[PDB]
Every structure is written in structure tokens, then in C-alpha cells.
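Examination of the molecular architecture
If you want the building blocks of each chain, they are given just below.
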Amino acid sequence: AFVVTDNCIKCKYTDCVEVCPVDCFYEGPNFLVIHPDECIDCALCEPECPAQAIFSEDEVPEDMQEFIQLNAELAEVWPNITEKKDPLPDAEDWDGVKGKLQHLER
Ligand code: SF4
Ligand code: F3S
């Protein structure tokens, strides 16, 4: 599985879904996650994310390890997203801001 980490939050560019061959992205109000059972680890989305939020599970930074389970959990309850949309309005402002997990919306 690949995993969406902190920097997506309040950015949510949704560039990543456009290259996903298996459509395993699931949508929250201000964040996307990858369904780990669905992901085929093609790695195609990693270079697509402007926020550079996506990692191979085995390359998730130690300080963002919580994101792994969080992706798996939210992927069970959020709706599939398979089409790019406008990035969130103040995305440029939040890109690069750390600890955005405190802003995650269910
Ligand atoms: S690694 Fe491939 S299959 Fe998994 S989320 Fe990214 S694009 Fe989709
Ligand atoms: S900001 Fe999030 S919505 Fe996709 S293109 Fe990056 S993981």
C-alpha cells in the first residue's frame, strides 16, 4: 500500500486520483486516503502529489506513522473519489505547514 500523510490536509489537490489505475482513493472534506487492500502499489501517484504527501507504506516518516492505520480506517467509511477536482481554496497557504493532523475533518 501507499499512504497519504499530513501535508494533504487542507491542500487536497486530488492530482493523485487521476493516475490511479484501481481507483483506491477515498474522500474526506479536507483530506484523501488510500485503501490499503485495493492499492496495487504501482507507485504512480507518489510523483503526482504537489504536496508530496504520498509515501510507500514502508517509507512513511517515523513522525507520520499514524497515517498508515488512519488511511486504512478512513478508507472504510469515506466515499470513493475517482476524478480530479479543484484544490481546496487556500491550499497554497497550507502546503508545507506541519502538524495539520489537528485540522483533519471527518
Ligand atoms: S500506488 Fe497505484 S494503486 Fe496505489 S493509490 Fe497510488 S496510484 Fe493507486
Ligand atoms: S494533496 Fe492529497 S488529494 Fe492527492 S494530489 Fe496530494 S494526496
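Thresholds applied
- Residues numbered from 1 in each chain as written, not as in the entry; some residues may be left out.
- Chains lettered and ligands numbered in written order.
- Heavy atoms only, no water.
- UniProt positions renumbered as here; feature names shortened; annotations may be inferred.
- Buried < 20%, exposed > 50% of the residue type's maximum accessible area, 1.4 Å probe, protein only.
- Helix = DSSP H or I, 4+ residues; strand = E, 2+ residues; numbered from the N terminus.
- Pairing = 2+ DSSP bridges.
- Near = heavy atom within 4 Å.
- Nonpolar A, V, L, I, M, F, W, Y, C, P; charged D, E, K, R; others polar.
- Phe/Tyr/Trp six-rings, centres within 6.5 Å; stacked < 30°, edge-to-face > 60°.

As annotated in the PDB entry, the protein chain is PROTEIN (7-FE FERREDOXIN I) from Azotobacter vinelandii. As recorded by UniProt, the Function comment attached to the protein chain reads in full: "Ferredoxins are iron-sulfur proteins that transfer electrons in a wide variety of metabolic reactions. This ferredoxin could play a role in regulating gene expression by interacting directly with DNA."

**Thoughts on the pairing of strand β3 (residues 31-34)**
Side chains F31 and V33 project from β3 onto one buried face, and the interleaved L32 and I34 project onto a second face that is buried too. The pairing of strand β2 (residues 25-28) with β3 spans four bridges and is antiparallel. Residue pairing in the sheet places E27 in a bridge with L32 of β3. Hairpin geometry of β2 and β3 is characterised by an intervening segment of two residues between the two adjacent antiparallel strands.

**Digging into the site of ligand 2**
Around ligand 2 sit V4, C8, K12, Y13, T14, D15, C16, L32, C49, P50, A51 and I54, and that is every residue in its neighbourhood. Grouping the amino acids of the shell around ligand 2 by side-chain chemistry returns nine nonpolar, one polar and two charged.

**Regarding the packing of aromatic side chains**
Taken as a whole and judged by the stated rule, the model has two aromatic pairs. The interplanar angle of 65° and the centroid separation of 5.9 Å between the aromatic rings of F31 and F67 together place this pair among those described as edge-to-face. Here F31, found in strand β3, pairs with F67, found in helix α2 (residues 66-74); they are 36 residues apart in sequence, far enough to count as distant. Each member of the pair, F31 as well as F67, carries the same accessibility label: buried. Here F31 and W78 contribute two aromatic rings whose centre-to-centre distance is 6.3 Å and whose plane-to-plane angle is 75°, an arrangement assigned as edge-to-face. Of this pair, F31 sits in strand β3 while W78 sits in the loop between α2 and α3 (91-94), and the two are 47 residues apart along the sequence. Overall, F31 belongs to the buried group, its relative accessible area being 0%.

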